[PDB]
């Protein structure tokens, strides 16, 4: 409808982790957050809605994609309804919390519903290299967009409706990185043991280049950090178990946590045989697995969402290294947000290739 095209004319406004903190830690003005989000969420919903229409028709027409599209247009309409209310009407502040909760429940199944559309589409139809590349591009952007809107909405929900008191919404201002590592390792070990009757141990070490004795803390969303580590541990454990199938014991998964001036980096090392350089990129493809191959690409989105990153490099025949990079300063942890614009629409032989 009209509002999809109207609000798609705005570009999304990215926030730093620091802004989110500074706002909601001490002042936490419910009026301001409400005014901000009733504008911002529609803009981000409308932007990704426009981008959906660019997709191949037999993909857009799947009941899956039509579901996502309709939930989004529905959420966008719900929210826009609050532009007529005043920030001072509290039946409005209160209903907005409720509307956000409804919206978060409505999008709960967005990821797998969209994934089903893709799977349906790829199974059924033949896909040019170009189109399969556009799908990757689209999905990184669609899922990033959902990560960002979930982030914003939960901050408002948790702060003004409640969660952990040590945290400001979903943000932990003193995130104990090492402890998130151990916790994510356990979730993985549980599943590994409950499936293979065995699992590698953790060998973790840490270096605080900043204060060489200090425990390692940064501002971060531990939930996001947990998701990345968990997925990387699942992979490293499965690879270790399957590669050492003829073994008495499993080699340890080795992790090092390092804090430098501007980076926090976590390197996870396994001796699970690796994969050939030829295959690496396919790992980060949404439909590549050997339980669905969303681990790597989604984890990489969580890493990138605040200007971090996630890389794999492997020694085929021996093992694999996964590195997570996170920004160390909260001021530089700024959302990486897709905007639908000339440059993006455009995006949808140089050397001799073998």
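Numbering follows the first chain given and starts at 1. Basically, rigid core = biggest C-alpha set you can superpose within 1.5 Å across the two forms.
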Core-fitted comparison in 7 other deposited structures of this protein, 216 to 224 vs 88 to 96, farther C-alphas:
88 to 96
192 to 200 versus 147 to 155: which one's CA atoms end up farther from this form in 7 other deposited structures of this protein after a core fit?
192 to 200
Counting the other entries of this protein, is residue 349 left out in at least a third of them?
yes
Among the other entries of this protein that were compared (only those with both neighbours built), does residue 281 lack coordinates in at least a third?
no
Counting residues of the deposited sequence that sit between residue 136 and residue 137 but have no coordinates, the total is none
Could you check the entry and say whether 178 to 186 or 80 to 88 has the higher mean CA B-factor?
80 to 88
Can you let me know which of the two, 298 to 306 or 23 to 31, has the higher average C-alpha B-factor in the entry?
23 to 31
If I read the C-alpha B-factors straight from the PDB entry, which of 260, 173, 163, 274 is highest?
163
If you compare 222, 215, 252, 112, which has the highest Cα B-factor in the entry?
215
In terms of the CA temperature factor given in the entry, to which third of its chain does residue 40 belong: lowest, middle or highest?
lowest
Sorting the chain's modelled residues by C-alpha B-factor, tell me whether residue 51 ends up in the lowest, middle or highest third.
middle
CA B-factor ranking of residue 17, expressed as a third of its chain
middle
For residue 101, the third of its chain by CA B-factor is the middle
By its CA B factor, does residue 71 count among the lowest, middle or highest third of the modelled residues in the chain?
middle
